[PDB]
Structures are given as structure tokens and as C-alpha cells.
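# Sequence unavailable; structure follows:
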């Protein structure tokens, strides 16, 4: 009787409660007009769909913290411990300054 | 015959395999109860839907690495190169310490 009453085969499969993946694609298209949402409903959105779906919900991509560069904000590693200076001569004061410089160089806080 | 058999107009459009965007909104509502998922299926989720959709899948927003501050963890730029010290007097040792300080200041590793 459903064959006598309905022409569309995708509708008929829905009414029989047995749909193929192709029937489901067509039925999705009857229910939703946004192309990126149709991409989501397929379970296999294209690259363009993915970008647009994130825009649609205001989502970001997985963020990876980059190392600091001389031009670009980034993360650093924390420098090793450095002892306060008790230097009473120039040689030792210079030794202590250099220890700080190396620590900051080791942590990528300043350039080599 | 479909007009004689079914009262709901959105169902009837589905059975004819021709749905408007309004029909699709109504059919989505027959198929899915979660309001944030319905927002996604529209292709135009509200701000609230977007937040809830990310929560739903455990997704984060696009991460931007902030510069380090005195209160908040952040990225740094790597400091310029600094030569090891071969100072034999106080004046030179102080010159070398100051070179390290400026490098760390230039890279925003320490405050001005």
C-alpha cells in the first residue's frame, strides 16, 4: 500500500523503518538545508565542512603552545636555580652574572 | 493519498522527499531532543549552543599562547646570543653581566 501511496524511494524506506546509508543521505537533505550541518550528519564532513562547523559553534582547534621566538609570543621553560650573589670582587661578580646568563640561555629565555 | 493519510505537514513534506528549511527544523525536533544538538543540526547554533556542544564532546576553544606576566604563566621569546665572559677586571665583568640583563629584558624574560 505504501508503494501505491508514495513515489519517493527514500521516503518509502523511512516509512518501512529500514534505511540504507544512501537513503539516510537523502532523508537528511529533506530535513536540513545547511550544507555544513549535512556534512556533520554524514559522520564524514569535508575539510571545508569542519572549518564551517567550528565557526558555526565558535569552537577553536586543538591548541599547541609554541616556543617563544624573537618575533612571536610563546611559552618558555623555567630556568634552573640560581644562587644569590655574595661576591666581594669583580671576578666573582662576573662569574655570578654569567651563571644567570647561562641559565636563561639554557631555558630558551634568551638567544644564543 | 498522503494528504488523506497524514495530518502533519512537516511529515508530509518528508514523505514527498521535498523539505524546506522550516520543514527540516520541525523534522529535526521530531528526531532529536537535545537543544544544543538541534542548534548544531540547524547549521547556525547560538552562542549558548556552541559552548554546550564543546562541553558535550570535551572540545576546547582555539588556544592563543599569551606572553608571560608577573602573575600569569605565558610564553617568552628566546633571548639573543650571549658570549661567555673572559673578564679579568670588574669593569668588564659588569659589562658582561649587563649584556645578559639587556638580552633577557629584550626577550621579555625579565621586566623593565
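Cool, the structure landed. Residues are numbered from 1 along each chain as shown, chains lettered A, B, ... in the order given.

# so where do the helices sit in chain A?
A:2-5, A:9-15, A:21-31, A:35-41, A:47-57, A:90-106 (DSSP state H).

# How about the first one and chain B, any contact?
Yes. Judged by CB under 8 Å from any CB of the partner chain, helix A:2-5 comes into contact with chain B at A:4, A:5. (Each C-beta comes from the backbone N, C-alpha and C, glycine too.)

# re the thing from before, figure out which of the helices of chain A is closest to residue B:55.
helix A:47-57 (10.8 Å; CB to CB).

# re earlier: need the helices of chain A in JSON lines with mean neighbour count, can you?
Compiled in JSON lines, these are given as follows (neighbours: other CB atoms under 10 Å in any protein chain shown):
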{"stretch": "helix A:2-5", "mean neighbour count": "10"}
{"stretch": "helix A:9-15", "mean neighbour count": "19"}
{"stretch": "helix A:21-31", "mean neighbour count": "17"}
{"stretch": "helix A:35-41", "mean neighbour count": "20"}
{"stretch": "helix A:47-57", "mean neighbour count": "16"}
{"stretch": "helix A:90-106", "mean neighbour count": "19"}
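
# So which of those helices is nearest residue B:28?
helix A:21-31 (6.0 Å).

# what's the angle between the closest one and helix B:21-31?
120 degrees (axes from the mean of the first three to the mean of the last three CA atoms, to 10 degrees).

# Point out the other helices and strands that helix A:21-31 packs with.
helix A:9-15, helix A:35-41, helix B:9-15, helix B:21-31 (3 or more CB pairs under 8 Å, 6 or more residues apart in numbering or on different chains; DSSP states H and E).

# Name the residues that touch that helix?
Residues outside helix A:21-31 that contact it (CB atoms under 8 Å, 6 or more residues apart in numbering or on different chains) are A:9-11, A:13-14, A:19, A:38, A:41-42, B:13-14, B:17-19, B:23-24, B:27-28, B:31, B:41.

# Name the nearest residue to residue A:69, sequence neighbours excluded.
Using CB to CB, 6 or more residues apart in numbering or on different chains and skipping residues adjacent in sequence, the residue nearest residue A:69 is residue B:77, 5.4 Å away.

# Residue A:111 too?
Closest to residue A:111 by CB to CB, 6+ apart is residue B:80, at 3.8 Å.

# measure that neighbour to residue A:29 for me?
59 Å (CB to CB, to the nearest Å).

# Regarding stretch A:66-74, how distant is the last residue from the first?
End-to-end distance for stretch A:66-74: 5 Å, by CA to CA, to the nearest Å.

# centre of the chain versus that stretch, how much separation?
Centroid displacement of stretch A:66-74 relative to its chain, using CA atoms, centre = their mean, to the nearest Å, is 19 Å.

# now do stretch A:78-98
The answer for stretch A:78-98 is 43 Å, by CA atoms, centre = their mean.

# Equivalent analysis for stretch A:33-43, please.
That offset, for stretch A:33-43, works out to 20 Å (CA atoms, centre = their mean).

# Stretch A:26-37 too?
Worked out by CA atoms, centre = their mean, stretch A:26-37 lies 26 Å from the chain centre.

# just to revisit the earlier point, turn the helices and strands packed on helix A:21-31 into TSV, including distance to residue A:100.
Shown next, in TSV, are the helices and strands packed on helix A:21-31 (distance: least, CB to CB, whole Å):
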stretch	distance to residue A:100
helix A:9-15	73
helix A:35-41	53
helix B:9-15	72
helix B:21-31	63
